[PDB]
Each structure stands twice: as structure tokens, then as C-alpha cells.
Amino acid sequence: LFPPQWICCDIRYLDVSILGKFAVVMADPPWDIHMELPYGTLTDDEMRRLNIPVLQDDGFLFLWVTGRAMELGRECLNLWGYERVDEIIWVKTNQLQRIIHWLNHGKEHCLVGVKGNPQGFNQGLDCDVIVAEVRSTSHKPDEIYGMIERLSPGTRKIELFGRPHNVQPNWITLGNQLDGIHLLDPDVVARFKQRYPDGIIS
């Protein structure tokens, strides 16, 4: 089902096996860095335990990282069974194309991992640098969706820890700030009803 789909849920507890296999996984995990944080975070062990391996046979993972998650995110990436083959840099600008501990941070990083042997992807159409305006805090650029679509047109994709503004055609979005469940793919709907007959994910 081409149109946007999503599932409001705690990604620690959802049985992601009901969702099938995807050509692309993208995640923007709420890494446990520093302290406080305006949102809920996942511990390092919770991140390691995420059932990412069931989501793909052959495809690409896009994993946003920052701070010490540059190292932890590599750990998870490898643990989940991927090899990191690229690293996207989002250069953060204002509306006039000016860039916004030891150094000021002009950018954020997206690790690119490969699993299996993906075939029929259009490797090399885009470059590994995004220049795009900052929006709300932690809002990632929409350019990444176009890069991923040109890389793998028409295929099914899943985003982890997406917010409502993240839902896109051809994507299933999971996150705990989404509004309810919106599923249209009949195969997914069937397996969702079989696994969660009372619609209670817990």
C-alpha cells in the first residue's frame, strides 16, 4: 500500500515480525546521551536488543547518530548484522544557506549499513552530503526520503522512531508520538490482527 502507514507503539515491545521485510530501514534512535532530555530515551542495552535483524534480508539501514552514539551506533549496526558502507553528513543551515565541547557542530551524521546482497538499487545517484535547513529540534531533513527513493524506487521502507511529520508514501513509520495505528497493506493488516486481536500492543 503506497500511501503513508504508521503504528503508534513502544518500539521495545512491538513484535516487528508482523511487518514483513523491507528494502530500507531508517532509524533516528533517542540515544541515551548526557542527561535530562525532553523525551524518553533507550538504554544502550535496549538499543542492542531491538529486533532489527528480522526486518531485512537484503537491503540498507540508515542510522542517525551523534556524540558517543557515533560509536554505539556502529556497535548496534554491526551487532544487528550490517556492514557500514557509507556515512551521510547533513550540513545544517539557516534560510540563507549559512551553517548554523571542543568544536561547534555544523552537521549531523547518518551511518549507512548494508545487509545481505541487495540487487537493483541505484547506487551512486546521490552524494553523501545533504545541505538543508534546520527545522524543529531533531527534525531530520526530508531530502533523505528522496535520496532513499532514488536509491530504491517503489520498494517498502520502514522508519523507526518517526514522528507524525515523518510519515511518507511507501514507508511504514513506528514511533510513540504517532496518532494511533494506520495500516493499509492487507498482508500487514492480517498479521497485525492475528498477533494483536484486541489491538493492544504491550
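Note that residue numbering begins at 1 and tracks the sequence as displayed. Between two forms, the rigid core is the largest collection of C-alphas that superpose within 1.5 Å.
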| said: Once everything is fitted on the core, do the CA positions of 154 to 162 or those of 132 to 140 lie farther from the shown form in 4 other deposited structures of this protein? | reply: 132 to 140
| said: When the other structures of this protein are compared, and only where the residues around it are present, is residue 33 absent from a third or more of them? | reply: no
| Unresolved deposited residues lying between neighbours residue 100 and residue 101 | 4 to 9
| said: When the Cα temperature factors in the entry are averaged, is it 165 to 173 or 38 to 46 that ends up higher? | reply: 38 to 46
| query | Quick one: higher average CA temperature factor, 54 to 62 or 27 to 35? | reply | 27 to 35
| query | Out of 118, 73, 113, 81, which shows the largest CA B-factor listed in the entry? | reply | 118
| message | Taking only the Cα B-factors deposited for this chain, tell me whether residue 125 sits in the lowest, middle or highest third. | response | middle
| Lowest, middle or highest third: where is residue 143 by Cα B-factor in its chain? | lowest
| query | Should residue 91 be placed in the lowest, middle or highest third of its chain by the C-alpha B factor in the entry? | reply | lowest
| message | When the deposited Cα B-factors of this chain's modelled residues are ordered and cut into thirds, is residue 154 in the lowest, the middle or the highest one? | response | highest
